[PDB]
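Read through the structure below, which is laid out as structure tokens, and then see the notes.
Proteins come first, then strands; the chains are lettered A, B, ... in the order of their sequence lines, and each starts at number 1. Just so it is clear, the values below take in all heavy atoms, side chains as well, and ignore hydrogens, waters and symmetry mates. Just follow the structure's listing: the first ligand is 1, and inside any ligand the first atom is 1.
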Amino acid sequence: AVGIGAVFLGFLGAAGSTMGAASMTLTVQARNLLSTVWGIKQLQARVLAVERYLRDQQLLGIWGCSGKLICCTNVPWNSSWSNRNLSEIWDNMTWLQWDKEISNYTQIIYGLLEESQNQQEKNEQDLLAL
Amino acid sequence: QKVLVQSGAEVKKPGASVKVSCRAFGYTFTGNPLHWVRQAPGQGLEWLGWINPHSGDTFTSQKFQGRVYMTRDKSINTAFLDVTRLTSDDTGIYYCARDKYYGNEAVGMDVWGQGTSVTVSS
Amino acid sequence: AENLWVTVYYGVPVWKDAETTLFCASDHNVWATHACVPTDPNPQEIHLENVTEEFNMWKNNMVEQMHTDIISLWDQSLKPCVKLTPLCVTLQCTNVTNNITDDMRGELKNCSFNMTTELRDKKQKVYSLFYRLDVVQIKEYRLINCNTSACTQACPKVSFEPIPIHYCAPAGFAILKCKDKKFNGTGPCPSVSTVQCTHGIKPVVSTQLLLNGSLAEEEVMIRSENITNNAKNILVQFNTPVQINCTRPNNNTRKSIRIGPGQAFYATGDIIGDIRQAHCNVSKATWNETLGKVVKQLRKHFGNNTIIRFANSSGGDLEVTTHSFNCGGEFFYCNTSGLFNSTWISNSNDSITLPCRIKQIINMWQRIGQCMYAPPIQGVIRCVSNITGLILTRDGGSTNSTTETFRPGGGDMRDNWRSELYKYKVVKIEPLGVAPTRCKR
Amino acid sequence: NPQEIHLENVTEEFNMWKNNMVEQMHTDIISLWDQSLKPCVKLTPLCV
Amino acid sequence: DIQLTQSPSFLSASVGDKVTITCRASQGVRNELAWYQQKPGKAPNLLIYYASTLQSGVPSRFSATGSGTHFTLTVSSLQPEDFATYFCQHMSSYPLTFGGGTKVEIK
Ligand SMILES: *[C@@H]1O[C@H](CO)[C@@H](O[C@@H]2O[C@H](CO)[C@@H](O[C@@H]3O[C@H](CO)[C@@H](O)[C@H](O[C@H]4O[C@H](CO)[C@@H](O)[C@H](O)[C@@H]4O[C@H]4O[C@H](CO)[C@@H](O)[C@H](O)[C@@H]4O)[C@@H]3O)[C@H](O)[C@H]2NC(C)=O)[C@H](O)[C@H]1NC(C)=O
Ligand SMILES: *[C@@H]1O[C@H](CO)[C@@H](O[C@@H]2O[C@H](CO)[C@@H](O[C@@H]3O[C@H](CO)[C@@H](O)[C@H](O)[C@@H]3O)[C@H](O)[C@H]2NC(C)=O)[C@H](O)[C@H]1NC(C)=O
Ligand SMILES: *[C@@H]1O[C@H](CO)[C@@H](O[C@@H]2O[C@H](CO)[C@@H](O)[C@H](O)[C@H]2NC(C)=O)[C@H](O)[C@H]1NC(C)=O
Ligand SMILES: *[C@@H]1O[C@H](CO)[C@@H](O[C@@H]2O[C@H](CO)[C@@H](O)[C@H](O)[C@H]2NC(C)=O)[C@H](O)[C@H]1NC(C)=O
Ligand SMILES: *[C@@H]1O[C@H](CO)[C@@H](O[C@@H]2O[C@H](CO)[C@@H](O)[C@H](O)[C@H]2NC(C)=O)[C@H](O)[C@H]1NC(C)=O
Ligand SMILES: *[C@@H]1O[C@H](CO)[C@@H](O[C@@H]2O[C@H](CO)[C@@H](O)[C@H](O)[C@H]2NC(C)=O)[C@H](O)[C@H]1NC(C)=O
Ligand SMILES: *[C@@H]1O[C@H](CO)[C@@H](O[C@@H]2O[C@H](CO)[C@@H](O)[C@H](O)[C@H]2NC(C)=O)[C@H](O)[C@H]1NC(C)=O
Ligand SMILES: *[C@@H]1O[C@H](CO)[C@@H](O[C@@H]2O[C@H](CO)[C@@H](O)[C@H](O)[C@H]2NC(C)=O)[C@H](O)[C@H]1NC(C)=O
Ligand SMILES: *[C@@H]1O[C@H](CO)[C@@H](O)[C@H](O)[C@H]1NC(C)=O
Ligand SMILES: *[C@@H]1O[C@H](CO)[C@@H](O)[C@H](O)[C@H]1NC(C)=O
Ligand SMILES: *[C@@H]1O[C@H](CO)[C@@H](O)[C@H](O)[C@H]1NC(C)=O
Ligand SMILES: *[C@@H]1O[C@H](CO)[C@@H](O)[C@H](O)[C@H]1NC(C)=O
Ligand SMILES: *[C@@H]1O[C@H](CO)[C@@H](O)[C@H](O)[C@H]1NC(C)=O
Ligand SMILES: *[C@@H]1O[C@H](CO)[C@@H](O)[C@H](O)[C@H]1NC(C)=O
Ligand SMILES: *[C@@H]1O[C@H](CO)[C@@H](O)[C@H](O)[C@H]1NC(C)=O
């Protein structure tokens with residue numbers, strides 16, 4: 001076939017696309033997360049949005065994935081969380097179904113990433129001491 | 001919901017310039033490329049080319065380069081085809097069609113405009 | 001032999017159902033648009049392909065937020081106005097009998113009373129034309145609200161005309177719109193889009209008839225949280241609006257009485273010319289065909305051979321038992337008896353005239369002890385509106401008979417907002433995700 | 001000890017007649033005047 | 001350019017019968033083929049993309065198979081409103097060209 005390059009699908013246009021295609025529009029969703037009865041319906045909502053964004057940023061940063069949108073980690077994928085093979089994950093399923101599937105193991109994975117990052121920082125400090 | 005609407009029919013003298021518009025509804029204008037095709041009275045479909053509304057890149061058929069131009073405006077979700085040096089052989093219905101464009105490559109034209117009839121005579 | 005590892009993705013297009021505080025946007029008025037964000041000249045709608053979303057109009061928090069906002073705006077608009085505490089006095093009332101029709105027998109009371117002036121030590125004998133619904137006999141009368149709370153006069157410069165309002169979500173939240181035509185407000189919607197905010201929704205306060213609303217683009221739509229439950233209000237949305245022409249033809253005169261320092265009470269002085277009942281007109285053939293469409297749509301839910309009957313409201317307050325609305329500052333309550341009066345069996349230029357009673361003392365929302373006094377409007381008033389829907393209630397429900405009876409309903413304005421926000425929901429984006437990949441740090 | 005940073009080689013366009021600082025000060029002064037008078041006596045009886 | 005030839009140019013058949021129409025390409029296209037239907041004086045409509053997948057909303061009676069140079073469009077059961085000009089179009093390389101045109105006529 002013939003192509004003319006990539007296209008822009010919008011803020012959440014890649015929601016229905018597969019994970020492989022949806023991972024090519026991560027910045028599109030990322031950059032839209034920050035931006036007298038009506039006037040006070042704005043201040044606290046803006047504060048809440050700021051706190052949510054900062055919670056996400058801190059959570060990424062304490063894993064060593066700061067300033068990155070795709071980040072590899074040293075935590076092995078315990079197969080108990082999910083048994084699906086990659087072939088049926090990245091090419092025949094969207095991210096919404098993935099979030100539906102793995103909703104139970106989120107916090108333990110987050111803690112594992114946190115402790116792995118702490119171990120990595122300590123190991124780096126030890127290595128640079130020599 | 002996916003619809004394409006063009007301007008009205010055009011009658012022009014030979015050697016003039018004609019501008020055919022095409023506005024999109026029901027889908028993200030920058031999310032798909034737009035083919036420009038033409039069908040002469042009682043003949044087949046001739047592929048003029050296609051444009052990418054997002055990056056603005058265009059491709060014209062080798063037997064049309066330097067004669068037909070394509071542009072878009074995203075503020076109103078419209079694509080313009082400018083055909084210059086009109087002749088009696090350019091008569092027919094111009095169609096603007098949305099490509100399916102799965103996998104960042106041409107797959108098929110599924111949504112078509114109502115077709116703009118352009119006529120050229122002395 | 002997999003050697004898979006966690007991989008963190010930020011910016012994932014995933015969302016969850018959430019409740020948040022939407023803010024107003026729009027292009028003197030009760031609906032304070034001066035505190036609303038300017039609407040974008042070219043709003044952007046992102047059409048989501050392959051996305052199917054679960055919608056439920058009857059549990060939408062947008063309706064509750066809109067209800068709270070409308071009540072708050074109404075309360076805010078009335079704060080700087082004159083409080084008519086002095087108006088609670090004994091009224092010497094006689095019958096207005098000059099140039100009155102047989103349908104206005106005793107509907108207007110010419111009431112004289114003493115009143116305070118700007119000087120605390122002086123009194124003025126004044127008079128006003130009140131409505132029979134606004135006064136209660138103690139020849140001695142008093143305003144109806146005097147034994148419940150003092151009424152706040154509406155500021156005359158503020159207009160009651162609805163203005164469209166858009167409800168745009170904050171950052172990190174999205175508004176999903178169901179584009180699926182024929183959608184009945186509940187279940188999976190396979191045609192979904194993302195919008196910064198909805199279309200301009202006008203906060204039209206009306207009972208028994210949805211006015212100046214949106215129209216179904218395919219056919220008449222019947223919606224109910226539980227259609228089999230007769231206690232649930234049935235929302236009917238039209239596709240062809242029914243033109244209704246509502247008029248008060250009395251040439252009212254407004255006079256101003258200084259009741260204190262910088263405080264004016266706007267009384268009805270005298271009606272110039274003939275006095276006759278305010279009313280509304282609805283095209284008879286259009287109403288008949290609209291009712292036929294409603295019947296043929298209801299037959300899908302209640303059987304094909306059932307008898308569909310339209311009758312009067314059962315009873316209750318004047319607000320619910322009648323089509324209550326506002327027309328250019330004056331509050332109409334119209335007897336919708338010529339509309340819902342017919343039976344339907346499966347098998348020119350005149351119009352239906354609905355008489356209407358005008359009221360000045362108003363309890364807009366279902367709140368006891370917070371009333372508003374509408375100043376009289378100078379001159380004849382007429383307004384033309386579109387009936388775009390109905391709020392029906394099914395009577396009975398026993399299996400003994402094969403007849404179904406639907407009566408007009410209303411009162412709770414949350415249903416009015418629900419008819420406009422049925423195709424919208426709010427979600428919060430969850431950009432973080434973890435996936436398996438062969439990549440290793 | 002307020003600190004003033006003296007900018008060298010900087011030329012800036014000034015316009016006293018379109019300064020928003022004046023409008024902000026006007027609003028603040030009116031608001032303060034209104035606030036100071038709120039917890040005071042209202043002489044409504046004095047109209048005799 | 002790349003030549004697309006069709007067989008038959010004209011065809012007479014009755015409602016309920018089966019129609020098979022062949023597109024042949026001078027050069028090789030793996031699956032870069034699209035089948036369209038156009039009625040007299042009306043905009044064309046897509047029937048098949050990838051030479052084997054129905055367009056959304058197309059009746060299931062339609063079907064197509066073929067890779068390389070030989071492709072076939074099959075209407076398993078003719079329907080009254082299925083009489084129109086049938087087109088086959090390639091997109092492997094520029095320019096995109098359409099078929100000659102196959103017209104199905106009632107018997
Ligand atoms: C459904 O929609 C339709 C169409 O939008 C609505 O019908 C329109 O309703 C509006 C308002 O009710 C009406 O506009 C009025 O028209 C009058 C006749 O032309 C005007 O006289 C009136 O102006 C007065 O009121 C304004 C505020 O309401 C003031 O800003 C203005 O200065 C005028 O006020 C002066 O005059 C009055 C009377 O003498 C006096 O008391 C004041 O002190 C002041 O001196 C409005 O412009 C439209 O004409 C209507 N259009 C049609 C086609 O009918 C309908 O009401 C909607 N239905 C519902 C239920 O919301
Ligand atoms: C919405 O979902 C549909 C499928 O339900 C998506 O269409 C599918 O897109 C994939 C990749 O774009 C197609 O895979 C291709 O298959 C051909 C033929 O086997 C192959 O040659 C290609 O290399 C590629 O693997 C798939 O065929 C296609 N399915 C259908 C029925 O058309 C669509 O892309 C989704 N939309 C969005 C916006 O994500
Ligand atoms: C309402 O009552 C007032 C007073 O009772 C009427 O005003 C009087 O009008 C007559 C003219 O018919 C004058 O001669 C009097 O001097 C007026 N009296 C006052 C105190 O103004 C008024 O006309 C009545 N209005 C209606 C509609 O009945
Ligand atoms: C306004 O006040 C005056 C004075 O209080 C009222 O006139 C009195 O009426 C009573 C009967 O209710 C008489 O017993 C008094 O002798 C009257 N006094 C005077 C000075 O007239 C008058 O009725 C009040 N008006 C209204 C409309 O209530
Ligand atoms: C009553 O309904 C009619 C018909 O829908 C409305 O007229 C339409 O107004 C819109 C303005 O947004 C136009 O775009 C349409 O072309 C009009 N249609 C027709 C058939 O005239 C009318 O505006 C409605 N009136 C009110 C007060 O809601
Ligand atoms: C409502 O309808 C009634 C009649 O059905 C109208 O009454 C007529 O009004 C016109 C004014 O244009 C007069 O010329 C006629 O003499 C009246 N006839 C009758 C029998 O009353 C009334 O005007 C209509 N009102 C509205 C607001 O449409
Ligand atoms: C609906 O129609 C019924 C039937 O006419 C109304 O009942 C009437 O009520 C009035 C009192 O307002 C009585 O004087 C009549 O005798 C009643 N009619 C009969 C036949 O008994 C009922 O009021 C109407 N509903 C509304 C909300 O107006
Ligand atoms: C609403 O209108 C209906 C129809 O006019 C009213 O029913 C009438 O009530 C009067 C009582 O004053 C009877 O004399 C009529 O015979 C009734 N007519 C019919 C057709 O039943 C009804 O009372 C009105 N509702 C209200 C609250 O006034
Ligand atoms: C006023 O008129 C009503 C209705 O006609 C009547 O009931 C009432 O008794 C009248 N009051 C008078 C004449 O004081
Ligand atoms: C006020 O008076 C009316 C009529 O006299 C009566 O129906 C109502 O219950 C009273 N309300 C209170 C709070 O006393
Ligand atoms: C209509 O509402 C019912 C309520 O349960 C739902 O099951 C049905 O799916 C809705 N209609 C459509 C077409 O989805
Ligand atoms: C609807 O109401 C009927 C009658 O009360 C009840 O039997 C039925 O379970 C209700 N349906 C739902 C979905 O709650
Ligand atoms: C109402 O009365 C005023 C004053 O007499 C007059 O100017 C106006 O024209 C009248 N309006 C109507 C509709 O009769
Ligand atoms: C309402 O008024 C409009 C404008 O005068 C008119 O065209 C229409 O026929 C009227 N309808 C009724 C039911 O009176
Ligand atoms: C209701 O309909 C009946 C027809 O059976 C008619 O006799 C009666 O007058 C109607 N009443 C109203 C208020 O329209």
Side-chain angles (χ1 to χ4, degrees), chain C residues 52-60 91-112 129-141 178-192 207-209 216-229 232-237 275-282 284 297-302 309-324 332-343 352-359 407-408 410 418 422-423 425:
Chain C
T52 302
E53 246 283 338
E54 241 272 347
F55 282 84
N56 189 22
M57 70 185 284
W58 311 100
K59 294 282 152 190
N60 201 353
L91 312 168
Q92 249 64 50
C93 299
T94 55
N95 269 344
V96 171
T97 49
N98 55 349
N99 296 353
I100 54 152
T101 60
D102 272 84
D103 49 59
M104 291 294 262
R105 283 315 320 184
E107 297 297 320
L108 275 161
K109 296 277 179 288
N110 194 355
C111 297
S112 79
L129 304 185
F130 293 110
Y131 284 110
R132 186 49 262 221
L133 291 168
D134 289 330
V135 291
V136 55
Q137 206 170 3
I138 292 161
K139 205 177 175 291
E140 274 192 344
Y141 287 73
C178 176
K179 312 180 280 164
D180 179 28
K181 302 172 199 200
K182 316 264 193 177
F183 179 56
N184 67 1
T186 304
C189 180
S191 185
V192 196
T207 63
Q208 309 192 338
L209 299 173
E217 52 264 27
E218 280 286 333
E219 247 302 308
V220 168
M221 290 294 329
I222 310 302
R223 289 176 194 121
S224 187
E225 191 168 17
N226 181 7
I227 194 82
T228 61
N229 189 7
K232 300 287 169 203
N233 293 333
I234 298 155
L235 268 49
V236 183
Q237 181 170 26
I275 293 161
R276 51 205 192 285
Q277 204 179 21
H279 61 271
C280 296
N281 286 341
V282 165
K284 186 143 53 179
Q297 290 293 306
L298 288 160
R299 278 199 210 287
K300 295 183 192 186
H301 295 300
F302 301 108
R309 214 161 56 80
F310 294 105
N312 277 347
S313 184
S314 49
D317 281 5
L318 185 79
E319 295 77 62
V320 303
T321 56
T322 57
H323 169 47
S324 75
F332 284 58
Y333 296 77
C334 297
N335 180 8
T336 46
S337 291
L339 295 190
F340 312 98
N341 173 41
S342 46
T343 309
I352 302 161
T353 312
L354 322 171
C356 308
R357 294 179 97 184
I358 305 294
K359 247 163 61 168
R407 312 179 170 274
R418 207 165 283 133
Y422 70 99
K423 64 180 170 178
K425 80 188 292 200

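- For atom 2 (O) of ligand 9, the protein comes within 4.0 Å by at least one heavy atom.
- Among all non-hydrogen protein atoms, the one lying nearest atom 4 (C) of ligand 9 is C/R105 O, 4.0 Å.
- There is no protein heavy atom less than 4.0 angstrom from atom 7 (O) of ligand 9.
- Listed for the C/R357 side chain is no donor-acceptor partner under 3.5 Å among the backbone atoms of C/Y333.
- Scanning the protein heavy atoms around atom 11 (N) of ligand 11, the nearest turns out to be C/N184 ND2, 2.9 Å.
- Considering both main-chain and side-chain atoms, C/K109 never comes within under 3.5 Å of ligand 9 through any nitrogen or oxygen pair.
- When side chains are defined from C-beta on, C/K359 counts as touching C/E319, because their heavy atoms get closer than 4.5 Å.
- Taken together, C/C334 and C/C356 meet the criterion of an SG-SG distance shorter than 2.5 Å.
- One option in C/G338, C/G315, C/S337 has a heavy atom closer to atom 4 (C) of ligand 8 than any other, and that option is C/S337.
- Looking only at protein heavy atoms, the nearest one to atom 9 (O) of ligand 11 is C/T186 O, 4.6 Å.
- Taking 4.5 Å as the limit, some side-chain heavy atom of C/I222 sits within range of a side-chain heavy atom of C/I227.
- Side-chain contact check for C/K425 and C/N60: no donor-acceptor pair (N or O, by modelled atom type) lies under 3.5 Å.
- The shortest contact between atom 28 (O) of ligand 8 and any protein heavy atom is with C/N335 ND2, 4.0 Å.
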